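This is the structure, below, for whatever I ask next.
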């Protein structure tokens, strides 16, 4: 019985931080739903890669709960997540049910916006540290991937594979992660 | 054709052409700062006595394929140093 | 005056090997056209990421020539490239005009199919070595990225960033590549 | 040329996943050879139904090529297929000649064992998903029948008719499949 | 002490209507005896699947009585059952001892031939209705599976699973049937 | 109550990219403050047109907030904006309060200098693309006017009217923009 | 020896019709004198842009003659030019010496006021046609730019670039105009 992941895809999302986790997680046997924040419409990403979501967040939410909620980054992407009442509701409820929340690059800033996982050790893109640390509601980490309980964060496009494999490990265990990793030809 | 104005017209386009090169240069190595006054777990003082001693992997392996292309300048020069030899029938 | 890249996107393409180069190249100021092999229709990739091309290859070809032609991998993706007469024409002509051809993972196998760059040092995914070396028309390399003249090859999803940055370096020079690399937080 | 099918029958094969496709395909006017993996000997199936093959795989192979190679499931059956060098050779060659390969239930796991059709969208028995997805060499599907190019997969005894009719449709076209289906009294 | 089933296997029997009930019943923990109508010899079925019976009907009869007697269909198969005095004796005695008799497709026509269960609500293959209704000794039913007392009938290859599971339910109860059904991946 | 615009006027500013937006915006009923970067002193522009600011930036800032902050271009003008700590503060705060920022020609390069609106789709003068794309902190656009959320950019003197009218549309709506446009005798 | 242009700047002048020609002409290598009609004092324009003239008209006149005399528009600006005896003198003398006179928008109305270039084909702002055509001393034109001998007219802010480039062409030739125009990014 498969684990399930919700990836929330907003306009201006970093497409590498979206696609790498979706792909990697699918390789791990996770049932991934790519949910369009503002509906089923194709989503223009930060570098104009246009991705068609599997459904609207509206509809995806109804098929929940998910074993992980994944927030890709991108400055605008993260801003869009940060402004969404629907996202707030989903994260609050995920935190409540003791489900995993994973955010990369600027993605973690949406956690701050929705008052998620305060007190957690977190990392972000270097550029996003300022925003994330506004209010001192987290302790900051320089690790490529950071996991503090059910709050999993990572730094940027260049940490996307590590982030994704950390999610696999969290959901499916080390052995599965190792299996999936092998053919990726990581360094 | 005129001895060097062949390369003094072709050079004018390492000036039309290679213009868009250091133009980037200036255009782009001026904001080190940006992430500067920021802190990144990519430099911790083994990415210095390591994170420096491995950017050999990509810079190392230019010159397998520039085996020829910094040596194909040791192709085309000393055949003007035989438009030196046939010329000291004349020059001197 | 921008350098220009054509990325040929076929059904079954590895989406990470597609998206990473497009994104990275766009960060470098390259004008990238994502061209759908069989038209303008959305393209279902190897792990069901659905990418909307900028145009059909038909139409993209008319706006050429390009400074690089990029072949993503994926088993089916590469098979589809390998079977296309249009792709053959494009690669032959690119090789002819002394333009760069870059192929990743299974992607290089399309080079073999269309008799492109025979005698070149190449790498591929380890899995694709057998197919690539059928006939001994290349010398094989274990390097993460291989560049032999105007034939640039790479190994897999895990080498995608390196592949993309090698293309940037080839088109735009070392300094640009380094600039683009910096915020990616690569290891 | 009637179309021709090779059904590879190993000890421990699920007899329903063997017999249903053979029968249904024969109803479609396909010339079916039931080939015993280890010879002409009667084959004891998973539930002790004993089936006499038409010939050894050795001999059947010599009368090829076949328009489809069919792998029945059963855990032990599939293990036996997975361990056979002869099967590996047949599948490699079938993939090569652009012939159909069809596998049901645990059957698809033999594809994994012999490195067949990597990158393909596949389904399996729910129980066999874990094994099939080991290494992330496929994308997994929940559809009762899955066809991705020349890789056709299905889920279990209860999908056998659908699997078989999908093969008929692939070989003989929609109209023939519909004809064959009608008197089967399916739901 | 296991429940026991006799499956009478005649030349020209529909092999799917034979194998599905044998398999399914064995999954239910029923002791199934596949009895060859004319001995222990391998039996050529309607679509040339060749099945080795467990024993002759002669010998199987001696090990009786059985909790169910199962008649597979197939036009010739059913004709062969219809002509057998041994079959008549077995059905008469089973009806007498208030044991279950189950017949699928053309199978029920043997009931008519041996004057078994007259007055019963029955179904058959649509094609066999006319023959079955000859004399008006039954009332006809369009249900996929029909059970009227100890006379259980069904329609065709496509109803074989339902027929078999109805037998399981009759012998072993609903809970067992549900257990057996689960891994069959029925729709 | 009027909408309000701050136009920051630095030495070496392109006078046409200053005057056109000020004029056009004033025609739209926007209250425009032309603020001298280094005080109330007359400002020598790129082509020696000398413009007297309405006040110092110091004083103008005190009368904020503004519905838009406008950065004219000119190479030196933009350099001067890029070097001002006061400008940095103003842009940071404007981005923060979800106010519009509009920059033309070289003007957008000041956005880069002060780390404003990273991840935004932007245009610039062709000449300024290199500088703007330094670090890949934006996606580049060839449109005459580009608006991505609260980041509005344009290309040069020849796009000034379009730029200005886009600001009018953003502040005052389509109908007002159309009214203002009509008597401009644009093609 | 550079060509020379006199731009007469009056209170209420349209600042876009002033600045665009001054800037564009300076880009063409023309020595432009911005002469304040009422002295050296800063001039408040139609939309409150305040421009400091290079000198008084008095002083500019002493450095004449000029290759072109340019009359910006603006309704009050043009009224002011129309009422000036000094302007009359300058235009009469320019017409006399067979020098170019260029007027934009309402600007041409000053030609009428001072009885300049009667019989010429002219354009004006649509709004100013009535005033200009009072007496039928011109033939009216709908062209964006009109040149009839040494009388060059244009229509409005939206034609300012075309007007200015027409002056450049008249003074400096086609090649110079093309050079100047290219980087203006006109439509």
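A, B, C, D, E, F and G are the chain letters, set down in written order, and residue numbers restart from 1 in every chain.
Here is the rule we go by: contacts are C-beta pairs under 8 Å (C-beta built on N, C-alpha and C of every residue); 3 or more make two chains touch, one makes a residue touch a chain.
Chain labels with UniProt names: A, C, D, E, F, G = Parkinson disease protein 7.
The interface with the greater count of contacting C-beta pairs, when A-B is set against B-C, is B-C. The pair from A-D, C-F or F-G that reproduces the interface of D-E, where over half of the contact pairs by residue number are the same, turns out to be F-G. Centroid to centroid, with C-alpha atoms defining each point, chain B and chain D lie 59 Å apart. Chain centres here are Cα averages; for chain C and chain D they lie 35 Å apart.
Computed centre separation for the pair chain B/chain F is 39 angstrom, with centres defined by C-alpha atoms.
The residues of chain F that reach two or more other chains are 115, 126, 130, 133-135, 137, 139, listed in rising order.
Annotation for chain B: residues 20, 24, 28-29, 34-35, 40 touch two or more other chains.
Those residues of chain A whose C-beta lies close enough to touch chain F in the complex are 12, 14, 46-48, 74-77, 79, 106, 127. Of all residues in chain B, those touching chain A in their complex are 34-35, 38-41, 44. Per the touch definition, chain C reaches chain F in the complex via residues 1-2, 26-29, 179-180, 182-183.
Note for the complex: chain C touches chain A at residues 14-16, 19-20, 22-23, 26-27, 34, 42, 46-52, 54, 125-127, 144, 155-159, 161, 183-187. By the touch criterion given at the top, residues 115, 117-121, 139, 148-149 of chain D touch chain C in their complex.
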